[PDB]
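Asks: Handing over query_22.pdb, PDB, C-alpha atoms.
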ATOM      1  CA  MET H   1     -32.650 -25.951  95.262  1.00  0.00           C
ATOM      2  CA  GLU H   2     -34.914 -26.510  92.257  1.00  0.00           C
ATOM      3  CA  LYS H   3     -33.916 -28.048  88.947  1.00  0.00           C
ATOM      4  CA  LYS H   4     -35.743 -28.674  85.684  1.00  0.00           C
ATOM      5  CA  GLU H   5     -34.705 -30.223  82.379  1.00  0.00           C
ATOM      6  CA  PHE H   6     -36.289 -28.651  79.277  1.00  0.00           C
ATOM      7  CA  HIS H   7     -36.180 -29.520  75.591  1.00  0.00           C
ATOM      8  CA  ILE H   8     -35.665 -26.485  73.364  1.00  0.00           C
ATOM      9  CA  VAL H   9     -38.099 -26.378  70.431  1.00  0.00           C
ATOM     10  CA  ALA H  10     -37.536 -22.801  69.173  1.00  0.00           C
ATOM     11  CA  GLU H  11     -36.079 -22.392  65.644  1.00  0.00           C
ATOM     12  CA  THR H  12     -33.291 -20.097  66.886  1.00  0.00           C
ATOM     13  CA  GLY H  13     -32.735 -22.139  70.036  1.00  0.00           C
ATOM     14  CA  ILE H  14     -31.669 -19.948  72.935  1.00  0.00           C
ATOM     15  CA  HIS H  15     -30.544 -16.930  70.911  1.00  0.00           C
ATOM     16  CA  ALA H  16     -31.879 -13.545  69.805  1.00  0.00           C
ATOM     17  CA  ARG H  17     -34.874 -11.992  71.590  1.00  0.00           C
ATOM     18  CA  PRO H  18     -36.011 -15.111  73.499  1.00  0.00           C
ATOM     19  CA  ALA H  19     -32.528 -15.451  75.013  1.00  0.00           C
ATOM     20  CA  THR H  20     -32.318 -11.797  76.019  1.00  0.00           C
ATOM     21  CA  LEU H  21     -35.786 -12.064  77.574  1.00  0.00           C
ATOM     22  CA  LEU H  22     -34.899 -15.256  79.503  1.00  0.00           C
ATOM     23  CA  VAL H  23     -31.727 -13.606  80.820  1.00  0.00           C
ATOM     24  CA  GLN H  24     -33.662 -10.512  81.904  1.00  0.00           C
ATOM     25  CA  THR H  25     -36.214 -12.688  83.727  1.00  0.00           C
ATOM     26  CA  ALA H  26     -33.499 -14.617  85.549  1.00  0.00           C
ATOM     27  CA  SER H  27     -31.857 -11.349  86.610  1.00  0.00           C
ATOM     28  CA  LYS H  28     -34.923 -10.268  88.588  1.00  0.00           C
ATOM     29  CA  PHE H  29     -34.254 -12.911  91.211  1.00  0.00           C
ATOM     30  CA  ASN H  30     -31.918 -13.140  94.163  1.00  0.00           C
ATOM     31  CA  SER H  31     -31.364 -16.905  93.787  1.00  0.00           C
ATOM     32  CA  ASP H  32     -28.399 -18.282  91.859  1.00  0.00           C
ATOM     33  CA  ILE H  33     -29.644 -19.470  88.476  1.00  0.00           C
ATOM     34  CA  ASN H  34     -27.552 -21.675  86.180  1.00  0.00           C
ATOM     35  CA  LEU H  35     -28.122 -23.116  82.718  1.00  0.00           C
ATOM     36  CA  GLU H  36     -26.399 -26.359  81.770  1.00  0.00           C
ATOM     37  CA  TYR H  37     -25.896 -27.669  78.254  1.00  0.00           C
ATOM     38  CA  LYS H  38     -23.651 -30.568  77.202  1.00  0.00           C
ATOM     39  CA  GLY H  39     -21.999 -30.700  80.618  1.00  0.00           C
ATOM     40  CA  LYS H  40     -21.224 -26.973  80.657  1.00  0.00           C
ATOM     41  CA  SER H  41     -22.849 -24.662  83.241  1.00  0.00           C
ATOM     42  CA  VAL H  42     -23.230 -20.884  82.880  1.00  0.00           C
ATOM     43  CA  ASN H  43     -24.867 -18.136  84.924  1.00  0.00           C
ATOM     44  CA  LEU H  44     -28.318 -17.634  83.336  1.00  0.00           C
ATOM     45  CA  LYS H  45     -28.185 -13.986  84.437  1.00  0.00           C
ATOM     46  CA  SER H  46     -25.233 -13.420  82.074  1.00  0.00           C
ATOM     47  CA  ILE H  47     -26.051 -12.618  78.444  1.00  0.00           C
ATOM     48  CA  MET H  48     -22.519 -13.328  77.090  1.00  0.00           C
ATOM     49  CA  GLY H  49     -22.380 -16.736  78.776  1.00  0.00           C
ATOM     50  CA  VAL H  50     -25.819 -17.778  77.530  1.00  0.00           C
ATOM     51  CA  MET H  51     -25.241 -16.540  73.984  1.00  0.00           C
ATOM     52  CA  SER H  52     -21.913 -18.377  73.830  1.00  0.00           C
ATOM     53  CA  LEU H  53     -23.324 -21.738  74.980  1.00  0.00           C
ATOM     54  CA  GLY H  54     -24.670 -22.469  71.483  1.00  0.00           C
ATOM     55  CA  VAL H  55     -28.035 -23.951  72.435  1.00  0.00           C
ATOM     56  CA  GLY H  56     -30.037 -24.760  69.318  1.00  0.00           C
ATOM     57  CA  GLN H  57     -33.380 -26.377  68.513  1.00  0.00           C
ATOM     58  CA  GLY H  58     -33.625 -29.917  69.829  1.00  0.00           C
ATOM     59  CA  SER H  59     -31.258 -29.239  72.708  1.00  0.00           C
ATOM     60  CA  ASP H  60     -31.747 -30.713  76.149  1.00  0.00           C
ATOM     61  CA  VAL H  61     -30.864 -28.236  78.897  1.00  0.00           C
ATOM     62  CA  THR H  62     -31.124 -28.137  82.660  1.00  0.00           C
ATOM     63  CA  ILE H  63     -31.880 -25.014  84.690  1.00  0.00           C
ATOM     64  CA  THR H  64     -31.036 -24.885  88.407  1.00  0.00           C
ATOM     65  CA  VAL H  65     -32.395 -22.248  90.817  1.00  0.00           C
ATOM     66  CA  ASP H  66     -30.958 -21.929  94.302  1.00  0.00           C
ATOM     67  CA  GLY H  67     -31.862 -19.328  96.899  1.00  0.00           C
ATOM     68  CA  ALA H  68     -34.527 -17.761  99.086  1.00  0.00           C
ATOM     69  CA  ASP H  69     -36.839 -16.977  96.176  1.00  0.00           C
ATOM     70  CA  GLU H  70     -36.041 -20.108  94.165  1.00  0.00           C
ATOM     71  CA  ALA H  71     -39.697 -21.187  93.949  1.00  0.00           C
ATOM     72  CA  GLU H  72     -40.712 -17.785  92.529  1.00  0.00           C
ATOM     73  CA  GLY H  73     -37.765 -17.854  90.146  1.00  0.00           C
ATOM     74  CA  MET H  74     -38.538 -21.327  88.772  1.00  0.00           C
ATOM     75  CA  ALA H  75     -42.174 -20.410  88.207  1.00  0.00           C
ATOM     76  CA  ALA H  76     -41.209 -17.285  86.265  1.00  0.00           C
ATOM     77  CA  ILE H  77     -38.596 -19.181  84.226  1.00  0.00           C
ATOM     78  CA  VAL H  78     -41.174 -21.765  83.142  1.00  0.00           C
ATOM     79  CA  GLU H  79     -43.681 -19.032  82.194  1.00  0.00           C
ATOM     80  CA  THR H  80     -41.071 -17.136  80.178  1.00  0.00           C
ATOM     81  CA  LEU H  81     -39.964 -20.303  78.368  1.00  0.00           C
ATOM     82  CA  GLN H  82     -43.550 -20.915  77.381  1.00  0.00           C
ATOM     83  CA  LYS H  83     -44.397 -17.364  76.266  1.00  0.00           C
ATOM     84  CA  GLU H  84     -41.212 -16.992  74.202  1.00  0.00           C
ATOM     85  CA  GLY H  85     -41.861 -20.371  72.537  1.00  0.00           C
ATOM     86  CA  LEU H  86     -38.582 -21.832  73.820  1.00  0.00           C
ATOM     87  CA  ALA H  87     -39.768 -25.060  75.446  1.00  0.00           C
TER      88      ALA H  87
END
Could you render the structure as structure tokens?
Replies:
Amino acid sequence: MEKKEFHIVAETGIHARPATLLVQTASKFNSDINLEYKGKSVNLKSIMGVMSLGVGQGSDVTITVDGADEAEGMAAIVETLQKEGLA
């Protein structure tokens, strides 16, 4: 299992295009991927769950990846977060 805590710097937080893109990236992997914010964990592959979490700028979140391709998944997540200006 891999886990990483990020600090959201984006103006919109995890919403709009960056959120949709992050969700799409997560969905490409077989591993289970969860996003935790304020003690609440959702499936990062689910758009409704992510959008409803209410993650704004300045938020501290933790992403957990668990599965065969977890290493590949974490690497892609970090890249996406950087290119979408999220963390």
Asks: Counting only C-alpha atoms, what is within 10 Å of residue 57 in chain H, bar same-chain residues fewer than 5 positions away, as a list in words?
Replies: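 Result of the neighbour search: residues 7, 8, 9, 10, 11, 12, 13, 14, 86 and 87 of chain H.
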Asks: Using all atoms listed in the file for the distances, tell me which of H:71, H:78, H:61, H:23 is nearest to residue 41 in chain H.
Replies: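 Nearest candidate to residue 41 in chain H out of H:71, H:78, H:61, H:23: H:61.
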Asks: Can you translate the PyMOL selection byres ((chain H and resi 4) around 7) into the concrete residues it hits in this file, as a PyMOL selection string?
Replies: chain H and resi 2-3+5-6+62-64
Asks: Report, in Å with one decimal, the straight-line distance from CA of residue 84 in chain H to CA of residue 70 in chain H.
Replies: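 A separation of 20.9 Å between them.
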Asks: I'd like the residues picked by the PyMOL selection byres ((chain H and resi 49) around 12) written out as a VMD selection string, using the chain letters and numbers from the file.
Replies: chain H and resid 14 to 15 19 to 20 23 34 to 37 40 to 48 50 to 55
Asks: Could you tell me how far CA of residue 69 in chain H lies from CA of residue 22 in chain H, in Å and to one decimal?
Replies: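 Result for CA of residue 69 in chain H versus CA of residue 22 in chain H: 16.9 Å, one decimal.
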Asks: Report the distance between CA of residue 17 in chain H and CA of residue 29 in chain H in Å, rounded to one decimal place.
Replies: 19.7 Å
Asks: Given the file shown, enumerate the residues that the PyMOL selection byres ((chain H and resi 76) around 12) captures and present them as a PDB file with C-alpha atoms, keeping the file's coordinate frame.
Replies:
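Writing done, so here's out-v1.pdb:
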ATOM      1  CA  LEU H  21     -35.786 -12.064  77.574  1.00  0.00           C
ATOM      2  CA  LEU H  22     -34.899 -15.256  79.503  1.00  0.00           C
ATOM      3  CA  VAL H  23     -31.727 -13.606  80.820  1.00  0.00           C
ATOM      4  CA  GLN H  24     -33.662 -10.512  81.904  1.00  0.00           C
ATOM      5  CA  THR H  25     -36.214 -12.688  83.727  1.00  0.00           C
ATOM      6  CA  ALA H  26     -33.499 -14.617  85.549  1.00  0.00           C
ATOM      7  CA  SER H  27     -31.857 -11.349  86.610  1.00  0.00           C
ATOM      8  CA  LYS H  28     -34.923 -10.268  88.588  1.00  0.00           C
ATOM      9  CA  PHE H  29     -34.254 -12.911  91.211  1.00  0.00           C
ATOM     10  CA  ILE H  33     -29.644 -19.470  88.476  1.00  0.00           C
ATOM     11  CA  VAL H  65     -32.395 -22.248  90.817  1.00  0.00           C
ATOM     12  CA  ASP H  69     -36.839 -16.977  96.176  1.00  0.00           C
ATOM     13  CA  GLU H  70     -36.041 -20.108  94.165  1.00  0.00           C
ATOM     14  CA  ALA H  71     -39.697 -21.187  93.949  1.00  0.00           C
ATOM     15  CA  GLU H  72     -40.712 -17.785  92.529  1.00  0.00           C
ATOM     16  CA  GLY H  73     -37.765 -17.854  90.146  1.00  0.00           C
ATOM     17  CA  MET H  74     -38.538 -21.327  88.772  1.00  0.00           C
ATOM     18  CA  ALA H  75     -42.174 -20.410  88.207  1.00  0.00           C
ATOM     19  CA  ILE H  77     -38.596 -19.181  84.226  1.00  0.00           C
ATOM     20  CA  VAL H  78     -41.174 -21.765  83.142  1.00  0.00           C
ATOM     21  CA  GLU H  79     -43.681 -19.032  82.194  1.00  0.00           C
ATOM     22  CA  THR H  80     -41.071 -17.136  80.178  1.00  0.00           C
ATOM     23  CA  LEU H  81     -39.964 -20.303  78.368  1.00  0.00           C
ATOM     24  CA  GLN H  82     -43.550 -20.915  77.381  1.00  0.00           C
ATOM     25  CA  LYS H  83     -44.397 -17.364  76.266  1.00  0.00           C
TER      26      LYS H  83
END
Asks: Show me, as lines of an AutoDock Vina configuration file, the centre and edge lengths in Å to one decimal of the axis-aligned box that covers every listed atom of range 40-51 of chain H with 4 Å on each side.
Replies:
center_x = -24.8
center_y = -19.8
center_z = 79.5
size_x = 15.1
size_y = 22.4
size_z = 18.9
